[PDB]
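Residue numbers (PDB author numbering), protein chains in the order written: chain I, 41 to 76, 79 to 150, 155 to 200; chain N, 62 to 86, 98 to 162, 176 to 280; chain k, 13 to 56, 61 to 96; chain l, 58 to 133; chain r, 35 to 40, 47 to 196; chain J, 18 to 159. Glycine included, every Cβ here is placed at the ideal spot set by N, Cα and C. Below is one structure; the comments refer to it alone.
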Amino acid sequence: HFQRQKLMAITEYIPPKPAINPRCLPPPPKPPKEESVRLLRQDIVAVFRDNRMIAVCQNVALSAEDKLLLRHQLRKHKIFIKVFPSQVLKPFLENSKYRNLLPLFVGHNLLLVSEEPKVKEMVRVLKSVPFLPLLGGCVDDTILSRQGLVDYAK
Amino acid sequence: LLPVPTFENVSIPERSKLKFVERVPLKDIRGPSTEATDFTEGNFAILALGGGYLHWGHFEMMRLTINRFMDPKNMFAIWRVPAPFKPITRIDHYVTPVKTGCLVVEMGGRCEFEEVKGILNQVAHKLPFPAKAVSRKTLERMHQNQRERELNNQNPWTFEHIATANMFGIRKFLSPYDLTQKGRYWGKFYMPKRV
Amino acid sequence: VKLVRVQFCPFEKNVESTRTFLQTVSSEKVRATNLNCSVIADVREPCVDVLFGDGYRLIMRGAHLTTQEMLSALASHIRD
Amino acid sequence: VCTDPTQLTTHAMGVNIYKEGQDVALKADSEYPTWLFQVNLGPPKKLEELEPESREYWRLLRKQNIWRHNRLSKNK
Amino acid sequence: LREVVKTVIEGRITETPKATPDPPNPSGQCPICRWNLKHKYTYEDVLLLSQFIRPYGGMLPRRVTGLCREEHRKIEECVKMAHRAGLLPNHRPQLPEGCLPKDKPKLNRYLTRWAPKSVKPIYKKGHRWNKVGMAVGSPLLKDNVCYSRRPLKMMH
Amino acid sequence: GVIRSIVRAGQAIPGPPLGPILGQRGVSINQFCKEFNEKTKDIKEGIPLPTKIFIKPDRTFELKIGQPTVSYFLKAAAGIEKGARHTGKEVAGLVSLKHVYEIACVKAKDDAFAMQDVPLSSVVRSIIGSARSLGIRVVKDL
Ligand code: FES
């Protein structure tokens with residue numbers, strides 16, 4: 041019947057309207073941050091604290107197997123290829139000995159971590175791959191250029 | 062990351078496969105479902121959104137499809153409805182009447198809803214009545230959504246007030262059952278969005 | 013392309029675009045494709065110079081050019 | 058080849074099998090470093106056994122994360 | 035905004057026009073939210089629309105604009121309506137090398153939801169209860185403020 | 018192109034498993050066997066060896082070989098030539114600590130198979146896992 045249909049239309053549910061849409065909302069507060079990733083903090087903290095001077099060089103499209111071979115090669119140089127995912131590298135400065143080394147660790155780059163000032167061994171590592179660019183060496187955890195690294199190394 | 066869910070506590074009965082349904086044995101379907109409205113063993117099932125008649129072929133379609141696809145190691149299936157008994161004269178076949186909101190098949194085991202969504206939806210499409218695959222979480226959300234819409238309704242006039250108060254003499258043009266349905270059920274069909 | 017030269021200063025302000033462009037050029041698959049290329053990276061504003069045998073030299077500075085622009089320009093040149 | 062349990066348990070029969078390599082006798086347990094016999098001989102380290110702050114813990118957890126994706130992928 | 039001059049090429053970063061200071065509603069997540077313009081713009085408001093469109097009439101990326109998706113679809117639809125109505129003479133499509141217009145007359149249109157090219161004619165109009173409906177306007181603009189007694193007839 | 022095979026050193030011309038598969042890319046089958054025969058003389062004959070042959074587009078051979086498979090040795094150590102149908106729970110041999118460790122010490126000599134880890138925990142897991150793959154249970158003592 042038509043008359044019954046009229047009753048249904050009037051009884052139709054009416055939804056309320058929010059004052060502001062979620063996208064156009066005023067700035068709301070956000071939950072406090074949580075460190076999930080926490081394991082990786084310990085590994086990077088140990089290696090950087092152990093090694094005062096770090097030579098930062100961009101990583102060419104190297105193979106995983108070569109890195110182990112290069113890791114053994116550095117053992118002859120008394121240096122260690124210890125690397126981890128870099129998306130946890132940036133928060134390293136947030137929770138570590140220093141907070142100001144973020145600009146040095148920009149992008150994906156090979157890190158040569160050595161605790162001793164064996165300049166010749168570090169220079170030899172540079173000689174291994176010329177095409178691979180060495181960003182620089184933070185001798186005594188002080189920011190420096192590649193040319194400066196050699197100058198201070200002298 | 063967070064720990065992954067586990068189904069170790071779940072136990073699969075030996076009779077993983079569905080049992081056979083016999084070919085052969098008045099408002100049975102024109103009303104709200106009063107039986108098999110609660111999850112018994114499994115966390116997933118099929119919920120009838122309308123009143124339909126399930127013949128032997130439908131049971132075989134459910135039985136054959138479920139048995140072939142289900143994994144006995146991690147899945148089990150049970151029947152939530154009786155065998156067909158209502159004759160359809162040409176008798177060509179017999180059917181099982183179903184009411185709106187009846188759970189027809191319930192499956193459980195060490196599986197997620199998404200794994201069974203595709204098969205259950207395919208079975209639901211092949212069913213003679215409108216149906217929707219349901220789970221314990223999804224079913225509660227439907228009720229929670231149903232409650233939320235009812236609670237926040239802004240309509241000054243409601244179906245119950247007009248019907249119970251006999252305003253306009255509406256009860257003269259309404260059936261006795263309509264009072265119980267409250268506008269959510271019409272004939273053999275159920276209106277989920279009617280709040 | 014017989015030679016490709018990429019120069020940038022990491023200690024000073026270093027543009028990501030030029031540095032990222034270096035990675036794409038210095039790839040095991042990219043290098044194999046343009047086998048003729050001799051990959052040389054200069055490490056010390062950034063200037064990228066590519067030399068061709070025909071005499072076409074294309075110089076790209078990443079200070080205001082993204083890696084895509086260099087890649088788009090280089091890709092057409094390589095086809096020749 | 059050796060066919061004596063005593064020789065099997067007192068001599069390194071399986072250490073070398075070539076003709077250039079002759080079966081060498083077993084030195085005393087103390088003659089080897091402690092870490093040789095302190096190696097993990099138990100079942101594979103489960104999430105409970107693994108230390109939450111160890112790389113193996115997350116490495117195997119990532120392997121488990123692949124399994125669920127593979128399980129979902131297999132069903133497709 | 036960077037423009038490239040061109047082989048040796050040089051790219052110069054040039055000054056970009058700045059937004060007028062003191063938005064009416066500061067702290068709005070989107071510029072429309074900032075300017076309280078959620079439901080007060082239409083396709084005829086070319087001045088606002090032109091700012092978010094490429095010089096040749098192409099859509100600018102959402103990320104650069106920073107406005108929310110809801111306004112992005114609304115703005116894009118409004119601009120689409122303006123182009124089909126010939127309301128953007130200076131943002132017309134670029135002719136690639138030497139092409140010229142067909143020179144045939146262009147029919148005057150407005151409130152065009154879809155391109156006239158892909159719409160088939162309606163031979164059978166239908167009776168009173170079977171009448172076919174002709175779309176007018178866009179669904180994206182339903183929420184816009186209405187100054188009429190009854191909601192606008194989307195289908196004519 | 019790296020192709021991995023486990024063929025035994027004793028037979029240098031298995032046929033289908035090596036000859037045409039390497040030949041399909043285009044290589045000299047006779048040349049492959051001769052170098053493999055050179056490996057056969059150095060190594061004990063009749064023991065499976067993993068190979069890491071690389072077939073370059075230049076139709077050249079880059080043959081690299083390592084230690085004999087510990088998997089077969091575990092099968093030989095357990096006195097098993099053909100294992101059980103499943104081997105997931107079927108077991109015919111038990112290996113003690115001493116036998117496990119002795120082979121591992123020699124194992125750590127090849128640049129291949131990542132046999133450079135200072136801790137021996139990595140080495141034991143592969144052989145322990147290999148035993149799980151085989152129809153062998155590595156019990157501590159029996
Ligand atoms: S008006 Fe605020 S997000 Fe659109």
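Name the chain N residues that come within less than 7 angstroms of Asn132(l), Cβ to Cβ? The answer, in chain order, is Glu200.
Proximal residues of chain k, C-beta to C-beta of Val48(r) below 7 angstroms: Residues of chain k with a Cβ closer than 7 angstroms to the Cβ of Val48(r) are, in chain order, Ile75.
How about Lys40(r): is its C-beta nearer than 9 angstroms to some C-beta of chain I? False, the Cβ-Cβ gap to chain I never drops below 9 angstroms.
Local Cβ density within 10 Å of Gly71(l), reported as buried at 16 or more and exposed below that: Buried.
Short of 6 angstroms in beta carbon distance, which residues of its chain neighbour residue 134(l), apart from the five on each side in sequence? Order them along the chain. In the structure as shown, chain l starts at 58 and stops at 133, and residue 134(l) therefore has no counterpart that could be examined.
Nearest-angstrom Cα separation, counted from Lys106(J) out to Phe122(I): Taking the straight line joining both Cα atoms gives about 42 angstroms.
Taking all protein chains shown into account, do 16 or more other C-beta atoms lie within 10 angstroms of the C-beta of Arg192(I), making it buried, or fewer, making it exposed? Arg192(I) comes out buried.
Within 9 angstroms (strictly less), CB to CB, does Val280(N) reach chain I? By this cut-off, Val280(N) is an interface position.
Does any CB atom of chain I fall closer than 9 angstroms to the CB of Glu24(k)? The C-beta of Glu24(k) comes closer than 9 angstroms to at least one C-beta of chain I.
Can you tell me whether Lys273(N) is buried or exposed? The criterion is at least 16 other CB atoms within 10 Å of its CB, across all chains shown. So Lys273(N) counts as buried.
List the residues of chain l whose Cβ lies closer than 9 angstroms to the Cβ of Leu131(I), in chain order. Against chain l, the beta carbon of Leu131(I) has no neighbour under 9 angstroms; the closest one sits roughly 15 angstroms away.
Would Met121(r) and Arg153(r) be called neighbours here (beta carbons separated by less than 9 angstroms)? Their beta carbons are under 9 angstroms apart, which means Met121(r) touches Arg153(r) by this criterion.
Considering only heavy atoms of the ligand FES and the C-beta of each residue, which residues fall inside 6 angstroms, strictly closer? These are the residues, in chain order, with a beta carbon less than 6 angstroms from any non-hydrogen atom of the ligand FES: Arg63(I), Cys64(I), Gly68(r), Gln69(r), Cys70(r), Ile72(r), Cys73(r), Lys78(r), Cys108(r), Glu110(r) and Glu111(r).
Since I believe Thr66(l) is in contact with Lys115(J) (beta carbons under 8 angstroms), could you give me their beta-carbon distance rounded to a whole number of angstroms? About 6 angstroms separates the beta carbon of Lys115(J) from that of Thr66(l), a gap short enough to meet the 8 angstroms contact definition.
For the 8 angstroms Cβ check, are there 3 or more pairs between the region 147 to 161 of chain r and the region 32 to 51 of chain J? Output reads no: the region 32 to 51 of chain J does not touch the region 147 to 161 of chain r.
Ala122(r) - DSSP class collapsed to helix/strand/coil: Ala122(r): helix per DSSP, three-state reduction.
I think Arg221(N) touches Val189(N), with their Cβ atoms under 8 angstroms apart; what is that distance to the nearest whole Å? Taking the Cβ atoms as the reference, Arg221(N) lies roughly 16 angstroms from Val189(N), outside the contact range of under 8 angstroms.
Could you work out which residues of chain I lie near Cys70(r), taking near to mean beta carbons separated by less than 7 angstroms? In chain order: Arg63 and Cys64.
Determine whether the beta carbon atoms of residue 60(k) and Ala103(I) lie at a separation below 9 angstroms. Missing here is residue 60(k): after 56, the next number in chain k is 61.
Secondary structure at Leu156(I), three-state DSSP: helix, strand or coil? Looking at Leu156(I) - three-state DSSP - the assignment turns out to be strand.
Supposed close pair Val208(N), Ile101(N) - CB separation, criterion 8 angstroms: In this structure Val208(N) is not in contact with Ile101(N), their Cβ atoms being roughly 19 angstroms apart against a cut-off of 8 angstroms.
Using a Cβ-Cβ distance under 9 angstroms, would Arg112(l) count as near chain N? No, because no Cβ of chain N sits closer than 9 angstroms to the Cβ of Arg112(l).
Could you check if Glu162(I) is buried or exposed, using at least 16 other CB atoms within 10 Å of its CB as the buried criterion? With fewer than 16 other Cβ atoms from the protein chains shown falling within 10 Å of its own Cβ, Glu162(I) counts as exposed.
Run through the DSSP bridge pairs and tell me what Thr181(N) is partnered with. Under DSSP, the beta-bridge partners assigned to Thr181(N) are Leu126(N).
Could you tell me whether any Cβ in chain N is nearer than 9 angstroms to the Cβ of residue 78(I)? Since the model of chain I includes 76 and then 79 but nothing between them, residue 78(I) has no atomic positions to report.
Do you know offhand how far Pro101(l)'s Cα is from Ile115(r)'s? Between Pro101(l) and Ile115(r), the C-alpha separation is close to 59 angstroms.
If you compare alpha carbons, which of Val159(I), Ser160(I) and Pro133(I) is closest to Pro145(I)? Among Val159(I), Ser160(I) and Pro133(I), the Cα nearest to that of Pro145(I) is on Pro133(I).
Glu37(r) - partner residues in DSSP beta bridges: Under DSSP, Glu37(r) takes part in a beta bridge, and its partners are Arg52(r).
When you compare the CB of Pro104(N) with every CB in chain l, is at least one pair closer than 9 angstroms? When Cβ-Cβ separations below 9 angstroms define contact, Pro104(N) makes no contact with chain l.
I think residue 163(J) touches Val140(J), with their Cβ atoms under 8 angstroms apart; what is that distance to the nearest whole Å? The question about residue 163(J) has no answer here: the residues shown for chain J are numbered 18 through 159.
Quick one: residues in its chain with C-beta nearer than 8 angstroms to the C-beta of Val27(k), no 5 flanking neighbours on either side, listed in chain order? Beyond the five residues adjoining it in sequence on each side, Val27(k) comes within less than 8 angstroms, by CB distance, of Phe20, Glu61, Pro62, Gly78 and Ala79 in the same chain, given in chain order.
Is the CB of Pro101(l) under 9 angstroms away from at least one CB in chain I? Residue-level contact by beta carbon fails for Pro101(l) and chain I, as no gap is shorter than 9 angstroms.
Could you name the residues of chain l that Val65(N) contacts, counting a contact when the two beta carbons are closer than 8 angstroms? Taking the beta carbon of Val65(N) as reference, the chain l residues within 8 angstroms of it are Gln121, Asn122 and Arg125, listed in sequence order.
Looking at chain l, which residues of the region 82 to 97 of chain J have a Cβ within less than 8 angstroms of any of its Cβ atoms? Correct list: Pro85, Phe90 and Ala94.
Listing by chain order, which chain I residues have their CB less than 9 angstroms from the CB of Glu110(r)? Those are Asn61, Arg63 and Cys64, listed as they occur along chain I.
Taking C-beta pairs closer than 9 angstroms, name the residues in chain I that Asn251(N) reaches, listed in chain order. Contact annotation for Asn251(N) against chain I: no contact, minimum CB-CB distance about 13 angstroms [criterion: below 9 angstroms].
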